[PDB]
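*Asks:*
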DNA sequence: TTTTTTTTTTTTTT
Ligand SMILES: [Ca+2]
Ligand SMILES: [Ca+2]
Ligand SMILES: [Ca+2]
Ligand SMILES: [Ca+2]
Ligand SMILES: [Ca+2]
Ligand SMILES: [Zn+2]
């Protein structure tokens, strides 16, 4: 039963070898309309996002959910979902990511039946 | 003043509740007096619209929206009127009146047509997070009904700050 | 009475224990690993696949991913309309009843609507706050249950510590299931 | 400040 693996939230610089589906959030810096690819910069790195149909605009803040593709040319993301994150408070998002990282493992470990 | 639905009582005044639209009971329009906003009666003998308080008046279409709201701690019925209801529904009262007329012509009463239009056309509004402000009246069988004076979109930064305050009380920050 | 919709991670729903009420009018509910009795679920995630509408329009379904898990959301008969509202990629908030089919928990759509990215952030903040609040209360209630069980004395002690009487029953029920 | 008055429940899926 190959159930859909939830998209693992990561930073471009923190992508792991074992990751197969990721959620990245960044700003578009370059769009290639002929090869349907775009360059996403999150502050921690730049990822080449291969899109099938939806191409964002340059300078737009977007959230990408995609599968990681590992080849001889490097690591590119085959985009599945591209959402407009232009009015998103990334400062608040970063703060909640740190809170979950710290508190979630402690909450699970509090179970003493 | 921000109050959780679990803390709401009958007769509550100026309560602010942030929650999710959970159910749509009825969507309908009625002819109202432009001054007192009360239901006007059409006199077939004189061909005019009569308001019990202001007499012969030019009627305006008033929208009524009855729905439910959930905040995670409780559930409350909500009613919006006119411009507030039209703003949330995104449809003009004249267009709603036309749809109610079509349903009534098919053999439905005003009550039946209002429930049907809410389920068939305004079901898209369900699942939306909003902030409602109003007074709580207690219906003898329907329970607590929040008569919302206004509604507005959620200010996410304001809400996040409230949650941070609660986290500080729990010893997180 | 209409019990509240609990804001939860999809993982907490998936790992829970579904309870099918034997009565034809009793609502079904779920008990999470943290002893939380849940009648309705309130989740925020992304629609990952283009909805599935049966040709005969008997059912409509769509998939929601929140980062902690993936769940199916179902609408039957005319309720198929809910699935038609969404599209692949939409960031949405879903409210509905928890259901279990083929030992896989799912959500019977009561409402689904597109949300702003800041709503997803607010959802995560609220979900974590509620989780911490509940765990701390359930930890104290578990100590009361292990010492006294479900007695008239333990119910008085639970009320004094801000714990609902229902919480002790949930712990007992979870112990019976496990 | 308003119209009209009966709350909520299950089960159905290639
Ligand atoms: Ca794409
Ligand atoms: Ca009062
Ligand atoms: Ca108004
Ligand atoms: Ca107003
Ligand atoms: Ca329904
Ligand atoms: Zn008048």
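Chains as they are written, first to last, in my numbering: chain V, 3 to 115; chain F, 3 to 175; chain A, 29 to 206.
Each residue gets a CB set at the ideal place from its N, CA and C atoms; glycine is no exception.
#1: Ignoring anything shorter than 3 residues or poking outside the region 120 to 145 of chain A, list the beta strand (DSSP E) runs there in chain order.
#2: Using beta carbons (cut-off 8 Å, strictly below), is residue 86/V in contact with chain F?
#3: Distance check for residue 139/A and residue 129/F, CA to CA, integer angstroms please.
#4: Going by beta-carbon coordinates alone, are residue 191/A and residue 170/A separated by less than 8 Å?
#5: Is any heavy atom in ligand 3 found nearer than 7 Å to the beta carbon of residue 143/F?
#6: For a contact meaning CB atoms closer than 7 Å, what does residue 131/A contact in chain V?
#7: Return the chain-ordered list of same chain residues with a C-beta closer than 8 Å to the C-beta of residue 7/V, the five sequence neighbours on each side being excluded.
#8: In terms of residues, what are the limits of the beta strand (DSSP E) holding residue 25/F?
#9: Would you list the one or two residues that DSSP bridges to residue 104/A?
#10: Considering just the uninterrupted stretch of the beta strand (DSSP E) at residue 71/A, what are its terminal residues?
#11: Exposed or buried, residue 217/A, counting other C-beta atoms within 10 Å across all chains shown (16 or more means buried)?
#12: Determine, for residue 92/A, whether the minimum Cβ-Cβ distance to residues of chain F falls below 8 Å.
#13: With residue 28/V as the anchor, note down where its beta strand (DSSP E) starts and where it stops.
#14: If you check the beta carbons only, do residue 96/A and residue 173/A fall under 8 Å apart?
#15: So, at 6 Å on beta carbons, what are the nonlocal neighbours of residue 90/A in its own chain, with the 5 sequence-adjacent residues on each side left out?
#16: State yes or no: is the C-beta of residue 84/F nearer than 7 Å to some heavy atom of ligand 3?
#17: Using the DSSP secondary-structure output, state which residues sit across from residue 85/V in a beta bridge.
#18: Starting from residue 146/A, find everything on chain V with Cβ-Cβ shorter than 8 Å and list it in chain order.
#19: If you reduce the DSSP assignment to three classes, tell me which class residue 41/F lands in.
#20: Within a Cβ cutoff of 8 Å, which residues of the same chain sit near residue 35/V, ignoring the five residues on either side of it in sequence?
#21: Is the beta carbon of residue 86/V within less than 7 Å of some heavy atom of ligand 1?
#22: Would residue 90/F pass as an interface residue toward chain A - the criterion being a Cβ-Cβ separation below 8 Å?
#23: Does the region 12 to 29 of chain F touch the region 60 to 72 of chain F, meaning 3 or more C-beta pairs lie closer than 8 Å?
#24: For residue 65/A, go through chain V and note every residue whose CB falls closer than 7 Å to its CB, in chain order.
#25: Please report the residue range of the alpha helix (DSSP H) in which residue 203/A lies.
#26: Roughly how many whole angstroms lie between the Cα atoms of residue 90/V and residue 121/A?
#27: Are three or more beta carbon pairs between the region 10 to 21 of chain F and the region 132 to 140 of chain F nearer than 8 Å?
#28: Should residue 79/V and residue 51/V be called a contact, given that it needs their Cβ atoms to be closer than 8 Å?
#29: Can you tell me where the alpha helix (DSSP H) with residue 30/A in it begins and where it stops?
*Replies:* Straight from the coordinates:
#1: Fully enclosed beta strand (DSSP E) runs of 3 or longer: 132 to 142.
#2: Translated into positions along the first chain, residue 86/V becomes position 84. Cβ-Cβ to chain F under 8 Å: no for residue 86/V.
#3: The residue given as residue 129/F occupies position 127 in the second chain. The residue given as residue 139/A occupies position 111 in the third chain. Straight-line measurement puts the Cα of residue 139/A at about 5 Å from the Cα of residue 129/F.
#4: Here the question's residue 191/A lines up with position 163 in the third chain. Here the question's residue 170/A lines up with position 142 in the third chain. Contact: no.
#5: Along the second chain, one-based indexing puts residue 143/F at 141. In this structure, the C-beta of residue 143/F stays at least 7 Å away from each heavy atom of ligand 3.
#6: Residue numbering aside, residue 131/A sits at position 103 when the third chain is read from its first letter. Ordered by position in chain V, no residue passes the 7 Å Cβ test against residue 131/A, which lies about 11 Å from the chain.
#7: The residue you call residue 7/V lines up with position 5 of the first chain. Contacts found: 22 and 23.
#8: The count along the second chain starts at 1 and reaches residue 25/F at position 23. From DSSP, the beta strand (DSSP E) with residue 25/F extends over 17 to 34.
#9: Counted from its first residue, the third chain places residue 104/A at position 76. Bridge partners of residue 104/A according to DSSP: 87/A.
#10: Taking the third chain and counting its residues from 1, one reaches residue 71/A at position 43. 68 to 75 is the span of the beta strand (DSSP E), which, as asked, contains residue 71/A.
#11: Beyond the ends of chain A as shown, which are 29 and 206, falls residue 217/A; an answer cannot be given.
#12: Looking up residue 92/A in the third chain gives position 64. Residue 92/A does not count as touching chain F.
#13: For this step, residue 28/V is matched to residue 26 along the first chain. Boundaries of the beta strand (DSSP E) around residue 28/V: 23 to 34.
#14: To locate residue 96/A, count along the third chain from 1; it is residue 68. To locate residue 173/A, count along the third chain from 1; it is residue 145. For residue 96/A and residue 173/A, no; Cβs fall outside 8 Å.
#15: Here residue 90/A refers to the residue found at position 62 when the third chain is read from its first residue. Cβ neighbours of residue 90/A beyond the five flanking positions: 75, 79, 101, 111 and 114.
#16: Taking the first residue of the second chain as position 1, residue 84/F is located at position 82. Checking the Cβ of residue 84/F against ligand 3 gives yes.
#17: Start at 1 with the first residue of the first chain, and residue 85/V comes out as number 83. For residue 85/V, which the question treats as bridged, DSSP gives the partners 65/V.
#18: Along the third chain, read from residue 1 onward, the residue named residue 146/A stands at position 118. Correct list: 89, 90, 91 and 94.
#19: By 1-based counting over the second chain, the position of residue 41/F is 39. Strand.
#20: Here residue 35/V refers to the residue found at position 33 of the first chain. Closer than 8 Å at the Cβ level, and outside the excluded window around residue 35/V, lie 57.
#21: By one-based count along the first chain, residue 86/V stands at place 84. No, Cβ of residue 86/V sits at least 7 Å from all heavy atoms of ligand 1.
#22: Reading the second chain from its first residue, position 88 is the one you call residue 90/F. It does not: the Cβ of residue 90/F has no partner Cβ on chain A nearer than 8 Å.
#23: Contact holds: three or more Cβ-Cβ distances are below 8 Å.
#24: As a first step, residue 65/A must be located in the third chain, where it is residue number 37. Chain V residues near residue 65/A: none, gap ~17 Å exceeds 7 Å.
#25: For the purposes of this step, residue 203/A is taken as the residue at position 175 of the third chain. In the DSSP annotation of this structure, the continuous segment of the alpha helix (DSSP H) that includes residue 203/A starts and ends at 193 to 205.
#26: Stepping through the first chain from its first residue, residue 90/V is reached at position 88. Stepping through the third chain from its first residue, residue 121/A is reached at position 93. One alpha carbon belongs to residue 90/V, the other to residue 121/A, and they sit about 16 Å apart.
#27: Flag = yes, the region 10 to 21 of chain F and the region 132 to 140 of chain F touch.
#28: Position 77 of the first chain, counted from the start, is the residue given in the question as residue 79/V. Position 49 of the first chain, counted from the start, is the residue given in the question as residue 51/V. Yes, these two residues count as a Cβ contact at 8 Å.
#29: As a working note, residue 30/A is residue 2 in the third chain. Here residue 30/A belongs to no alpha helix (DSSP H), and DSSP marks it neither H nor E.
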